[PDB]
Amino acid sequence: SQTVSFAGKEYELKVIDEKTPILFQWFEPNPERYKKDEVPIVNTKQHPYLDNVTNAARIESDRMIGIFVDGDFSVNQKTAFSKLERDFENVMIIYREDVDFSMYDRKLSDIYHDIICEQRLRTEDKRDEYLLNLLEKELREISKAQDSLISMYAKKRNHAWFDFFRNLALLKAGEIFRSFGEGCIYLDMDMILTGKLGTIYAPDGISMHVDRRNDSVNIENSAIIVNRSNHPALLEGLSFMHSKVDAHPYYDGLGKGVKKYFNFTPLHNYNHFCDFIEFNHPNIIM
């Protein structure tokens, strides 16, 4: 029954039901910043991220709470991670290296081939000879061992590391936890639950945090809700991710796919799209 509309098109509100699991993500560039036997996640007074995650699992006793992690953790951190799993019926640790993301990969050569083509499809004298030279040289130097977009991002240790594998986890959604249904409630670790979430609805079963502080309105990737794996709004984002080798900060493939899926163009009403897409919940402090 319940439909909403944006940009002159109607969308079903789809249910994100009460067995949808919650996923948090922590990618750790420096596991040596932690004492012996402690979980290599930040947990200070300023950033009580681990307590927030355990707080959520406590409150949502009948959902699976996931912690999607990566970094060169020691055996000792692996142990402390395993102890965390055992202290909480409904928490599982999901190590990036253990997840098959291969279904979303693309070869670096395929990507260079595209970029290089699009460059050559320009007039005899408005072409970028400098760029084409660097691209063709970068193409030649790819080993067949390392001709994987995914494998290149698994090596990185910065924010692009985090964001790349966040996008892929969102496409896997509930599958990443392979009771739990097929969707996923992706939350930032700084978000604090204060009660149960219950049943959530989203346009075409996707929603995103909109930060409404300082009389400003910004869409943020810090919280994303999906009703199903391989959501098509996220596959649009995968297409953007596949068109670049080293995407620049704030390229935001995720956000670009979602906006493209809903025909949110740079000329449409920003505030209306925020109203329409927003995930807000009385029981989450965002």
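Note that residue numbering follows the sequence shown and begins at 1.
Q: Which class describes the count of deposited residues lacking coordinates between residue 178 and residue 179: none, 1 to 3, 4 to 9, or 10 or more?
A: 10 or more residues are missing.
Q: For the higher mean C-alpha B factor in the entry, choose 142-150 or 107-115.
A: According to the PDB entry, the answer is 142-150.
Q: Which has the higher mean CA temperature factor in the PDB entry, 212-220 or 162-170?
A: Stretch with the higher mean C-alpha B-factor: 212-220.
Q: By the entry's C-alpha temperature factors, tell me which of 37, 236, 28, 252 sits highest.
A: Highest C-alpha B-factor among the listed options: 37.
Q: So among 206, 134, 94, 193, who wins on Cα B-factor in the entry?
A: Among 206, 134, 94, 193, the PDB entry lists the largest C-alpha B-factor for 134.
Q: Based on the entry's values, in what third of the chain does the Cα temperature factor of residue 188 lie: lowest, middle or highest?
A: Lowest third of the chain for residue 188's C-alpha B-factor.
Q: Classify residue 201 as lowest, middle or highest third according to the C-alpha B-factor given in the PDB entry, relative to its own chain.
A: Within its chain, residue 201 is a lowest-third residue by C-alpha B-factor, going by the deposited values.
Q: Going by the CA temperature factor in the PDB record, which third of the chain does residue 32 belong to: lowest, middle or highest?
A: Its C-alpha B-factor belongs to the highest third of this chain's values.
Q: Sorting the chain's modelled residues by C-alpha B-factor, tell me whether residue 58 ends up in the lowest, middle or highest third.
A: For residue 58, the deposited C-alpha B-factor lands in the highest third.
Q: Looking at the C-alpha B-factor of residue 230, is it in the lowest, middle or highest third of its chain?
A: Tercile = lowest for this residue's CA B-factor.
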